[PDB]
>>> print(open('data31.pdb').read())   # PDB, C-alpha atoms
ATOM      1  CA  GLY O1016     174.759 165.260  63.764  1.00  0.00           C
ATOM      2  CA  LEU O1017     172.282 162.409  64.183  1.00  0.00           C
ATOM      3  CA  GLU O1018     171.939 160.070  67.177  1.00  0.00           C
ATOM      4  CA  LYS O1019     171.375 163.258  69.172  1.00  0.00           C
ATOM      5  CA  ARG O1020     167.656 163.036  68.405  1.00  0.00           C
ATOM      6  CA  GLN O1021     167.070 160.394  71.074  1.00  0.00           C
ATOM      7  CA  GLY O1022     168.405 162.847  73.647  1.00  0.00           C
ATOM      8  CA  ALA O1023     166.023 165.480  72.307  1.00  0.00           C
ATOM      9  CA  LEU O1024     162.986 163.222  72.712  1.00  0.00           C
ATOM     10  CA  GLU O1025     163.854 162.697  76.379  1.00  0.00           C
ATOM     11  CA  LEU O1026     163.805 166.478  76.794  1.00  0.00           C
ATOM     12  CA  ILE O1027     160.328 166.667  75.265  1.00  0.00           C
ATOM     13  CA  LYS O1028     159.038 163.886  77.518  1.00  0.00           C
ATOM     14  CA  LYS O1029     160.660 165.535  80.531  1.00  0.00           C
ATOM     15  CA  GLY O1030     159.191 168.934  79.682  1.00  0.00           C
ATOM     16  CA  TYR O1031     155.820 167.264  79.189  1.00  0.00           C
ATOM     17  CA  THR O1032     155.938 165.681  82.647  1.00  0.00           C
ATOM     18  CA  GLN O1033     156.974 168.923  84.346  1.00  0.00           C
ATOM     19  CA  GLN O1034     154.137 170.870  82.730  1.00  0.00           C
ATOM     20  CA  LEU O1035     151.700 168.325  84.162  1.00  0.00           C
ATOM     21  CA  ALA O1036     152.845 169.346  87.642  1.00  0.00           C
ATOM     22  CA  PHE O1037     151.337 172.774  86.988  1.00  0.00           C
ATOM     23  CA  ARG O1038     148.026 171.290  85.854  1.00  0.00           C
ATOM     24  CA  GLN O1039     145.122 172.429  88.029  1.00  0.00           C
ATOM     25  CA  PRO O1040     142.118 170.194  88.864  1.00  0.00           C
ATOM     26  CA  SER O1041     140.161 172.285  86.346  1.00  0.00           C
ATOM     27  CA  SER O1042     142.306 170.743  83.598  1.00  0.00           C
ATOM     28  CA  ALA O1043     143.699 174.239  83.009  1.00  0.00           C
ATOM     29  CA  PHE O1044     147.229 175.635  83.250  1.00  0.00           C
ATOM     30  CA  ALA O1045     148.897 178.606  84.944  1.00  0.00           C
ATOM     31  CA  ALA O1046     152.216 180.006  86.165  1.00  0.00           C
ATOM     32  CA  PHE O1047     151.600 178.237  89.473  1.00  0.00           C
ATOM     33  CA  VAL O1048     149.129 175.842  91.092  1.00  0.00           C
ATOM     34  CA  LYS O1049     147.942 178.831  93.123  1.00  0.00           C
ATOM     35  CA  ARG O1050     147.691 181.551  90.480  1.00  0.00           C
ATOM     36  CA  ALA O1051     144.406 181.948  88.600  1.00  0.00           C
ATOM     37  CA  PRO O1052     144.065 179.834  85.416  1.00  0.00           C
ATOM     38  CA  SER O1053     145.419 181.534  82.290  1.00  0.00           C
ATOM     39  CA  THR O1054     143.184 181.260  79.222  1.00  0.00           C
ATOM     40  CA  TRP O1055     146.091 181.921  76.858  1.00  0.00           C
ATOM     41  CA  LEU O1056     148.607 179.601  78.521  1.00  0.00           C
ATOM     42  CA  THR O1057     146.035 176.802  78.641  1.00  0.00           C
ATOM     43  CA  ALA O1058     145.336 177.299  74.936  1.00  0.00           C
ATOM     44  CA  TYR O1059     149.051 177.478  74.138  1.00  0.00           C
ATOM     45  CA  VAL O1060     149.767 174.203  75.933  1.00  0.00           C
ATOM     46  CA  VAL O1061     147.271 172.525  73.607  1.00  0.00           C
ATOM     47  CA  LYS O1062     149.015 174.033  70.579  1.00  0.00           C
ATOM     48  CA  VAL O1063     152.376 172.507  71.515  1.00  0.00           C
ATOM     49  CA  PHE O1064     151.022 169.230  72.900  1.00  0.00           C
TER      50      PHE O1064
END
>>> encode(input="data31.pdb", output="structure tokens")
Amino acid sequence: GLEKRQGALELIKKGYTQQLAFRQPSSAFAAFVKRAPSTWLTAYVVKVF
């Protein structure tokens, strides 16, 4: 379709920002800022990022 890529990039940037909201001070990630850090999720975030 083309031209629809720009709208896709905004979704990636938006998803990136949201994921940062769940980033704990330990630089790790989890389902919530309260739940214990998940080794897998933290590793997965790196894979996509």
>>> atom_distance(input="data31.pdb", atom1="atom CA of residue O:1046", atom2="atom CA of residue O:1059")
12.7 Å
>>> resolve_selection(input="data31.pdb", expression="the PyMOL selection byres ((chain O and resi 1064) around 12)", output="PyMOL selection string")
chain O and resi 1027-1028+1030-1032+1034-1035+1057-1063
>>> resolve_selection(input="data31.pdb", expression="the PyMOL selection byres ((chain O and resi 1038) around 12)", output="ChimeraX atom specification")
/O:1031-1037,1039-1053,1056-1057,1060
>>> axis_aligned_box(input="data31.pdb", around="stretch 1030-1036 of chain O", padding_each_side="8 Å", output="JSON")
{"center_x": 155.4, "center_y": 168.3, "center_z": 83.4, "size_x": 23.5, "size_y": 21.2, "size_z": 24.5}
